[PDB]
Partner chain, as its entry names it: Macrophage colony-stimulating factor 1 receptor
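Encoded as structure tokens, the following chain is the form deposited without the partner chain, with no partner shown.
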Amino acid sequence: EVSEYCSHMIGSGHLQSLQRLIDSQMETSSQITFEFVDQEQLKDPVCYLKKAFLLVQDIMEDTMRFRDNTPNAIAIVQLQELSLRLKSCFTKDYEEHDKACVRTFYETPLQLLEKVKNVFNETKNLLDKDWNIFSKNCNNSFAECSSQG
């Protein structure tokens, strides 16, 4: 079940952690490649975040990497712990729609980090309005995407 366990689960400390993450990065024009949800393909706000929340998990595990026991590595662990708690708040969608709406991006680390912060921030905002919002069936939204990863 999705349940009231979902409401208020993403806290302000989580967002401040994301912000300190962003603020400590040296500013660079250097771009990196990553997979993320293509907003131009998936425009519905709820299903965008349903898909994006899942990808953020891969992004944290493989891309947002820091030295053991540094403040930023600790924030990632907390965001991963938080994401595990959040997994019962997103209803599962069809497995045929796993790579739909995903594309490779060529963007700076700061732009990737802003995408991740926006996912956690907007997920928190919608959960605070309705703890059941991510029980939405997004199979038709994913089917309307033009491409796949």
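Numbering follows the first chain given and starts at 1.
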Quiz item: As stated in the PDB record, which stretch has the larger average Cα B-factor, 26 to 34 or 111 to 119?
Solution: 26 to 34
Quiz prompt | Greater mean Cα temperature factor according to the PDB record, 15 to 23 or 135 to 143 | solution = 135 to 143
Quiz prompt | Of the residues 66, 53, 106, 90, the one carrying the largest Cα B-factor as recorded | solution = 90
Self-check item: Top residue by Cα temperature factor, when 96, 81, 62, 44 are compared in the entry
Solution: 96
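One more form of this protein should be noted, the form solved in complex with the partner chain, which is absent from this view; the next part is about it.
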Exercise. Report whether all of 45, 122 and 140 sit within 4.5 Å of the partner chain in the deposited complex, measuring from non-hydrogen atoms.
Key: no
Practice problem: State yes or no: in the deposited complex, is some non-hydrogen atom of residue 61 no more than 4.5 angstroms from a non-hydrogen atom of the partner chain? | Solution: yes
Quiz item: Using heavy atoms and a 4.5 Å limit, would one call residue 80 a contact residue for the partner chain in the deposited complex?
Solution: yes
Quiz item: Closest heavy atom of residue 9 to the partner chain in the deposited complex, within 4.5 Å or not?
Solution: yes
